[PDB]
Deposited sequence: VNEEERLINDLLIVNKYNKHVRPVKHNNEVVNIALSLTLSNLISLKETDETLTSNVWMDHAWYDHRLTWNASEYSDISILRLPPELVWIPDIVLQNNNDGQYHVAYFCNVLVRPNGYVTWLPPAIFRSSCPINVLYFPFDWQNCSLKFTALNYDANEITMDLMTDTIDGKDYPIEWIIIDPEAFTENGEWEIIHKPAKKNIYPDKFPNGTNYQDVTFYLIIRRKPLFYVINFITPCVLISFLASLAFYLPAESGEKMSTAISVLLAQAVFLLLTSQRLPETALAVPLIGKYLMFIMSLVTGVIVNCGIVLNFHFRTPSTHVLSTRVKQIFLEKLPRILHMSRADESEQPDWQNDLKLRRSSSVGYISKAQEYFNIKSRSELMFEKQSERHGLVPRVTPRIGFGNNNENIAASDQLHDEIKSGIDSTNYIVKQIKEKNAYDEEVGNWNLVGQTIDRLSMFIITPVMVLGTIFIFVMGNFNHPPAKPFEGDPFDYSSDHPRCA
């Protein structure tokens, strides 16, 4: 095995110093090509605002000290060296959530006889991804992985996007690579765009380590079928039950119970929706807006059912049916709303007259009570016609505005480039 002799010559006889940049003159710059391969988008915890990714970092650079003549040795055209024996660039994830900056596994580098070193370690990265909850669950998120070289300044090593050849001309790899042989498609998040940019900040200096970085962006769209089936449909049905609660007769004794139960169910749904989102004040979630609107509407329904019940249970003994309310709720509105439609003889005479008078007063009282009942029916019919259209229109508007929300079809609004793998620039 001449690999042993070659490695001994390269590292021992040549006195390779792992802590010196691979340059021949101190003022030279080491070019580091960098690309990212996404093998699995493990999760996106909206509560923690964290993106967990299974990625392969691809570093490539030139080390003139690791060159050899493939003929002087046997025809050795490649060599695997551990990363703790050779100089490597310390490219770190700056926007990580936990304290994990580097790659998970420090695998061997691949060195070619011309000094071209490559390093393709795997990593589990937990980046910081602010969550835009404005259109939840019809939302798309814009996560980024920003990689910086904090060990050397921009005057000493230059980051770059890795290039690729198609017809002899080099083109940079301006996207996250998705290898079909090693990519698992997430069941909840669909990758729309995945550009990669090499940012420079001119307000800083090449003196230091904050002048450059390579950022890999990930515009992912949520698949909303799960939330539509499990959170929105039951909520909508239970909400419509409230509008239905207007059709219960006041004698049923369950108008208030029905409306209250609908409100409580909506509150439970609101709390469970709160459980699933970050506690940020940027905007109220779309479903949160819908739930607040529907809870307010159902509270109005409860109040109006209370008004209907109060009107229904009035009597002449405590209220007077005025002419205005009578002509409003028994003449105009019912038509507007198309609603349907020897002393013993003397004592006996006196007693029967008293009985007749009492029955007449009782019948008049019952007539007044019936008029009050008709007023209550008119009021709740009007309430139904006024509220149910508001409920259905609000529901449709809120859930059509959410459905009419797509990623912008191009990352970097000002950039006309597509940043797609199929059309390198």
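- According to the record, C-alpha coordinates are lacking for deposited residues 1, 343-415, 500-501.
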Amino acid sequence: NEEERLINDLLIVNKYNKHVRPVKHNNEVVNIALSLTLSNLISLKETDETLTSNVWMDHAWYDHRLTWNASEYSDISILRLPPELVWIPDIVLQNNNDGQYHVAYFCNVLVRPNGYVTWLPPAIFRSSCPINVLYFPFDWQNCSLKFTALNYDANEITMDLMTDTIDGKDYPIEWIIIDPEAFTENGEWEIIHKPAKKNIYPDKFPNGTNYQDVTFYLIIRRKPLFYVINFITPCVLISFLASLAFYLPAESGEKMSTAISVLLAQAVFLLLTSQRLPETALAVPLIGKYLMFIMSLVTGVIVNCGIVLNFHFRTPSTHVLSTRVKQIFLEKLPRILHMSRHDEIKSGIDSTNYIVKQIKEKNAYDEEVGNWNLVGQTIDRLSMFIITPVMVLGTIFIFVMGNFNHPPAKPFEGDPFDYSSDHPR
From here on, numbers count along this sequence of modelled residues.
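Definition used throughout: the rigid core is the maximal C-alpha set that superposes within 1.5 Å between two forms.
- Structural divergence in 8 other deposited structures of this protein between 264-272 and 124-132: following superposition by the core, 264-272 has C-alpha atoms lying farther from the shown form.
- Larger average C-alpha displacement in 8 other deposited structures of this protein, relative to the shown form after a rigid core fit, is seen for 178-186 when comparing 106-114 with 178-186.
- Coordinates for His193 are present in every one of the other compared entries of this protein that model residues on both sides of it, well short of the third needed to count it as often missing.
- In the comparison with other entries of the same protein, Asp343 is left without coordinates in at least one third of those covering both sides of it.
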